[PDB]
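First up is the structure itself, then whatever we jot down about it.
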Amino acid sequence: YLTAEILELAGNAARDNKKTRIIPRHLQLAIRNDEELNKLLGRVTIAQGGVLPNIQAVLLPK
Amino acid sequence: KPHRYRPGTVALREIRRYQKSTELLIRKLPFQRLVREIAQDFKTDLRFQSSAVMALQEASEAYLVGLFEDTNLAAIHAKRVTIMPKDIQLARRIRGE
Amino acid sequence: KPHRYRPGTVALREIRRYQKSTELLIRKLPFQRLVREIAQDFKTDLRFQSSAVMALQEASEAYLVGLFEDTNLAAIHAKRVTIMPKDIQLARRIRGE
Amino acid sequence: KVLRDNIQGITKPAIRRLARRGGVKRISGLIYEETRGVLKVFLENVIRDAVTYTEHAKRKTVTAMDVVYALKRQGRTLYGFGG
Amino acid sequence: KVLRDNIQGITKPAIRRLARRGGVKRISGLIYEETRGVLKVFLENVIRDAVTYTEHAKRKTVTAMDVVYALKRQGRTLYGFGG
DNA sequence: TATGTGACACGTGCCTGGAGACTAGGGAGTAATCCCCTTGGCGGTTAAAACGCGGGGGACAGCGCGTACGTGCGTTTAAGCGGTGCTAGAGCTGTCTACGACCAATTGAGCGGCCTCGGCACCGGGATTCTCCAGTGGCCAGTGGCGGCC
DNA sequence: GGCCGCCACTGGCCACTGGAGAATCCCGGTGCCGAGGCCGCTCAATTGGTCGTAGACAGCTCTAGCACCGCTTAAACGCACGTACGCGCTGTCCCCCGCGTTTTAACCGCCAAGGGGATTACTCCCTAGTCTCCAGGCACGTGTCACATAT
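Residue numbers (the authors' numbering), protein chains in the order written: chain Q, 57 to 118; chain K, 37 to 133; chain O, 37 to 133; chain P, 20 to 102; chain L, 20 to 102.
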């Protein structure tokens, strides 16, 4: 069940990134944007996952 | 005049780039050399799988990055945009080290 | 003239007192009421050994106190002495809560 | 029979006492209820697991070593009641 | 064979790259050597664990299996190395 | 200091859990080897690291100031003691069966090996997109002239 | 006739605007090598049957928690009131950052050495298990001084 749902998330992310085959960046973006999965795996690190695109508001100009 | 971007513009651009990117950010050979150097301090003549070195690089980069977002949270919490040594010291102590 | 201490002096005095003391700072029976209320929201007719309620207590203010030294370090980090709830949010986020 | 408000049973002076134990000398007024919510969050986070252990023991009454277990699950190991 | 100052091998622009991935907009000049010390302390902790695993394995060859054991032992579990 | 008390520390029955003798067998220690994986080394090749330099943006000092919270004090209440009743229910103990570990077989699903190919990496040309900087008018206050007044 | 207030010009400052320039993506084309799918092996998953036993159940019990009731008193609560604290403004120096230039060493690519991880084989050292037994520590009980409270 859990592999099926994370594979749904990964396939959705790959189709968002227009890729047929899933990559660890898709895995990172999928696992960080599901709050139950993210707080399930806050201390679990993915090889070559990268980070979420996240910029604080005061970092933006004006 | 020659072109010149204002400060922070290129910084935000590379922030977006490296958030977009997934690759390792430090050079492979000096990292492996440092790993061998510090592992020699505990026991002599240690041989390394390159996969082990890459795992160390990956875990180290992720650990450092997470510490850096904590530093960012401290800096914006301190009403500043420039990170400071006391921010990292605070973040380490709050995490419990 | 009725004596009045300047602000912070008393607060430091019971800071020293409660740092000296080990006794529990929570009214026990309202805390037990809150435990039974929250636990009833998941399972009805829950009965409690009093020692379990006690253990839940010192666990609770252990978490709360450690949160307050974290937030106090955050507040003095921000060059302030009056604590804000955003300090608490910062501490919770850095701890990964 | 049921209860509706006991979060206010954790009074503002009790929170003030804890902050003095935390070394906090000056406390904003916005602090108290937000801290009540935070501690409450910690409370169902522990008591859900405590109830889960209690029902899995086929007991209806909560026992203390179940609380000891649920607290060491959160990385919050407590000494003096295990066993 | 014998090397000394490879902590400086983690160069300052590499630290800037890590910071920009970390969302840092501005970096103080005092940051880099501190972060060098921090990543240092972290790395001899984890490779001390790795060395202890490897000598327990009666090996001089460090395996990534030992590495991922060490990282999950410090609560920093890494995926993707055969674990 | 006084004290009086109950927690704490120690005497005592006990039984059960640790230990002594033996056994069987099997997990681990050890020899070989080999080969695969790791180490060691040269040479382009830049990307990256470093160096420098103006210069804007940001930490930070100072101040005012208006506030929200420390401090003090009387009140109500509800926390806390303590005392009784009583029961759910945790928990302890016979029972016998579901159920699952264990032994012989055998296979077929799951893993090693290969091959290829198409998803995907790389590159180069447009299109885009943003942003930063030169103008661009409005606004506001500075400023000189003018007319009335004394 | 000079002065003063008014009035109209004016210059500088500040928000707005268009365009240029460079970064960024997107589109199309090209190679190229991991995906994955097919094929052969094998070992372990399954089937079947057995023995023993783990635990669910039944049943009791006694005990700990729940409720209540009354007293008490300190804690909470709420109001008064001062003061110090966030904190925004202003400014000011100076600190990294963008933009180059140099330079250097990382990396790839290739090549040679060997060594120790892993694998198989053999062995035997050790230990789990069984029977017997007895004493070590635990429950229970009971005096007693450390110290909490009081002054």
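By construction, the Cβ of each residue, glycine as well, lies at the ideal position given by its N, Cα and C atoms.
Just reading off the alpha helix (DSSP H) that residue i is part of, what are its end residues?
i: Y88/P; result: 83-92
i: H39/K; result: Segment: none, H39/K is in no alpha helix (DSSP H) and carries neither H nor E.
i: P66/O; result: 64-76
i: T59/Q; result: 58-72
i: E92/Q; result: 91-96
Tell me whether residue i is buried or exposed, calling it buried when 16 or more other Cβ atoms sit within 10 Å of its Cβ.
i: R95/L; result: buried
i: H82/Q; result: buried
i: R36/P; result: buried
i: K44/P; result: buried
i: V114/Q; result: exposed
i: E97/K; result: buried
i: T101/Q; result: buried
i: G102/P; result: exposed
i: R78/L; result: exposed
i: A60/Q; result: exposed
i: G48/L; result: exposed
i: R40/L; result: buried
i: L97/L; result: buried
i: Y99/K; result: buried
i: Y54/O; result: buried
i: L62/P; result: buried
i: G102/K; result: buried
i: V46/K; result: exposed
In chain order, what residues of the same chain lie with their CB nearer than 6 angstroms to the CB of residue i, ignoring the 5 residues before and after it?
i: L85/Q; result: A69
i: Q104/Q; result: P80
i: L65/Q; result: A86
i: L108/Q; result: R88
i: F100/P; result: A83, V87
What is the DSSP secondary structure of residue i, counted as helix, strand or coil?
i: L97/L; result: strand
i: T107/O; result: helix
i: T71/L; result: helix
i: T118/K; result: strand
i: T80/P; result: strand
i: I29/P; result: coil
i: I34/L; result: helix
i: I79/Q; result: coil
i: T54/L; result: helix
i: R53/O; result: helix
i: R99/Q; result: coil
i: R39/L; result: helix
i: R23/P; result: coil
i: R45/P; result: strand
i: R131/K; result: helix
Among the residues of its own chain, which have a CB less than 8 angstroms from the CB of residue i, if the five just before and after it don't count?
i: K59/L; result: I26
i: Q93/O; result: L60, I62, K64, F67
i: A111/K; result: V117, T118, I119, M120, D123
i: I111/Q; result: none
Starting from the C-beta of residue i, find all residues in its chain whose C-beta is less than 7 angstroms away, skip the five residues before and the five after it, and write them out in chain order.
i: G106/Q; result: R81, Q84
i: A38/L; result: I46
i: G42/L; result: none
i: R55/P; result: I26, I29
Query raised in the report: Would you say the stretch 109-117 of chain O touches the stretch 61-74 of chain O, given that touching needs at least three Cβ pairs under 8 angstroms?
Result: The stretch 109-117 of chain O and the stretch 61-74 of chain O do not touch, with fewer than 3 CB-CB distances between them shorter than 8 angstroms.
Query raised in the report: Within the chosen definition, does the stretch 76-96 of chain P reach the stretch 77-85 of chain O through at least 3 CB pairs nearer than 8 angstroms?
Result: yes
Query raised in the report: Contact between the stretch 125-133 of chain K and the stretch 92-108 of chain K: three or more CB pairs below 8 angstroms?
Result: yes
Query raised in the report: Counting Cβ pairs, one atom from each stretch, are 3 or more of them under 8 angstroms apart for the stretch 66-80 of chain P and the stretch 71-79 of chain O?
Result: yes
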